[PDB]
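Data block below; observations after.
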Amino acid sequence: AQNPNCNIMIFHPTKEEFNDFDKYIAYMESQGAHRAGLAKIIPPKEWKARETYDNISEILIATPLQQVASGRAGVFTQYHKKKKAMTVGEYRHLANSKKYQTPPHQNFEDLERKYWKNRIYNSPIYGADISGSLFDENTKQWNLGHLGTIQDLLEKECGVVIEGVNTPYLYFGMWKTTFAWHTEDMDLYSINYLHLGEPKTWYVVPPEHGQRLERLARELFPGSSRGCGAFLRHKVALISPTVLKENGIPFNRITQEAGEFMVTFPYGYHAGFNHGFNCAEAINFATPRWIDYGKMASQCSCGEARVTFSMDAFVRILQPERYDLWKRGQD
Ligand SMILES: O=C(O)CNC(=O)C(=O)O
Ligand SMILES: [Mg+2]
Ligand code: NI
Ligand SMILES: [Zn+2]
Numbered sequence: 011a012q013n014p015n016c017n018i019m020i021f022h023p024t025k026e027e028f029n030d031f032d033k034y035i036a037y038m039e040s041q042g043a044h045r046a047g048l049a050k051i052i053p054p055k056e057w058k059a060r061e062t063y064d065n066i067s068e069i070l071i072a073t074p075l076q077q078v079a080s081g082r083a084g085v086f087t088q089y090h091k092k093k094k095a096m097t098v099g100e101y102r103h104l105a106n107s108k109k110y111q112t113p114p115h116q117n118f119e120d121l122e123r124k125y126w127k128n129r130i131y132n133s134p135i136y137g138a139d140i141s142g143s144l145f146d147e148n149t150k151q152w153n154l155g156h157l158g159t160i161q162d163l164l165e166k167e168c169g170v171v172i173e174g175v176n177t178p179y180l181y182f183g184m185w186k187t188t189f190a191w192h193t194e195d196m197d198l199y200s201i202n203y204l205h206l207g208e209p210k211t212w213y214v215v216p217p218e219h220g221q222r223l224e225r226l227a228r229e230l231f232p233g234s235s236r237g238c239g240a241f242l243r244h245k246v247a248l249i250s251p252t253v254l255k256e257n258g259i260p261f262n263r264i265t266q267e268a269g270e271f272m273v274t275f276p277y278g279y280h281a282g283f284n285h286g287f288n289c290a291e292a293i294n295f296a297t298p299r300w301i302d303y304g305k306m307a308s309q310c311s312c313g314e315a316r317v318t319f320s321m322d323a324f325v326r327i328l329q330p331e332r333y334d335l336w337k338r339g340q341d
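The deposited numbering numbers the first residue of the sequence shown as 11 and each following residue consecutively.
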């Protein structure tokens with residue numbers, strides 16, 4: 011078995027290997043990358059997403075989210091308070107303000123220490139989940155707006171034509187902006203490209219150990235657990251690396267820098283934070299290997315997790331028994 015310790019692997023494809031996305035994902039899996047839940051892909055040196063980022067300031071962040079924490083430093087939840095719209099240029103100024111900027115630090119490790127120590131005492135503002143793309147239309151390789159769609163994958167594998175579309179999302183982050191512990195909708199893959207700015211630190215649990223994380227989460231968030239049998243789908247809970255180590259949960263960590271891709275694999279729980287002003291782009295995708303994960307994915311039916319139009323068909327076709335109850339949660 012390749013990569014039996016479930017380490018995060020880093021890949022350096024050549025320009026020739028960067029042509030065929032599906033084939034490279036399958037290569038990474040042949041080397042055991044999926045066992046970690048997360049892989050880094052450094053693009054060939056010849057590649058670029060677009061020519062410059064000089065003209066992005068007029069993108070609108072229609073609903074910036076203030077991430078308010080409750081709990082203790084290592085075990086907290088966050089809720090998202092909606093703020094007034096602002097442009098990317100306005101957001102970048104805010105991120106760089108004395109109130110919100112990255113503190114002085116020695117290195118990524120020092121910054122990670124400061125994040126875990128102090129995150130709960132601040133409420134950073136995240137421009138998340140903005141439909142759109144920063145890839146130039148002429149970028150032919152690993153262009154997240156030109157991937158094969160999950161609907162077409164399901165059709166190719168299973169023969170059923172379904173409604174739905176699949177488009178990317180932009181994330182504009184600042185210091186301490188945070189992504190809570192989650193897997194993807196329907197335990198899909200995700201791919202994330204850090205277009206610009208400061209890094210993003212990731213934590214991930216190997217898919218084979220996901221249920222260990224879930225069991226800890228039920229212990230640590232006991233009211234949430236009673237409210238919903240899949241409450242990590244709410245994307246609100248954080249658990250520090252110190253706490254994970256104290257409870258014997260297997261995980262790994264890595265920092266993504268501008269110009270790098272990360273891939274999350276089916277049922278790979280992940281969480282993380284941004285180091286400073288940045289912009290990432292991400293999208294879900296599927297492969298043949300995903301189908302069995304989609305069929306087994308947990309679902310939130312309590313009403314909190316509220317998701318896209320396109321998840322309907324996935325539940326309906328892969329999880330027909332669950333469909334009725336899950337749809338009640340959506341309506
Ligand atoms: O970058 C973020 O805030 C969150 N991204 C992801 O969870 C992902 O790409 O799967
Ligand atoms: Mg603009
Ligand atoms: Ni994710
Ligand atoms: Zn729920």
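For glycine and all other residues, C-beta sits at the position ideal for the given N, C-alpha and C.
In its chain, beyond the 5 residues on either side, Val78, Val246 have a beta carbon closer than 7 Å to the beta carbon of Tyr89. Considering only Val85, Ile51, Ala49, the residue with the shortest C-alpha distance to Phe231 is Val85. Residue pairing from DSSP places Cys289 in a beta bridge opposite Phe182, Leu206.
Per the C-alpha coordinates, the member of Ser235, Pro113, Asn153 positioned closest to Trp185 is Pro113. A direct Cα-to-Cα measurement between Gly304 and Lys337 gives close to 16 Å. Residue selection by CB proximity (closer than 5 Å to any heavy atom of ligand 4) returns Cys238, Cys310, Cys312, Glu314 in chain order. In the three-state reduction of the DSSP assignment, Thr252 falls in the helix class, which pools H, G and I. Along the region 273-329, the beta strand (DSSP E) occurs as fully enclosed runs of 3 or more residues at 280-284, 288-295, listed in sequence order.
Residue pairing by DSSP puts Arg263 in a beta bridge opposite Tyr213.
For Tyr125, the enclosing alpha helix (DSSP H) starts and ends at 118-128. Around the beta carbon of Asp32, a 10 Å sphere encloses fewer than 16 other beta carbons of the protein chains shown; the residue is thus reported as exposed. In the DSSP assignment, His44 falls outside any alpha helix (DSSP H), carrying neither H nor E. Between ligand 1 and the CB of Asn176, the shortest heavy atom gap is not smaller than 7 Å. With contacts defined by Cβ atoms closer than 8 Å, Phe21 and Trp152 do not form a contacting pair. Of all alpha-carbon atoms in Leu328, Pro209, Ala227, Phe189, the one lying nearest the alpha-carbon of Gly269 is that of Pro209. Secondary structure in the region 216-241: the alpha helix (DSSP H) runs of 4 residues or longer, each lying completely within the stretch, are 220-230, 232-237 in chain order.
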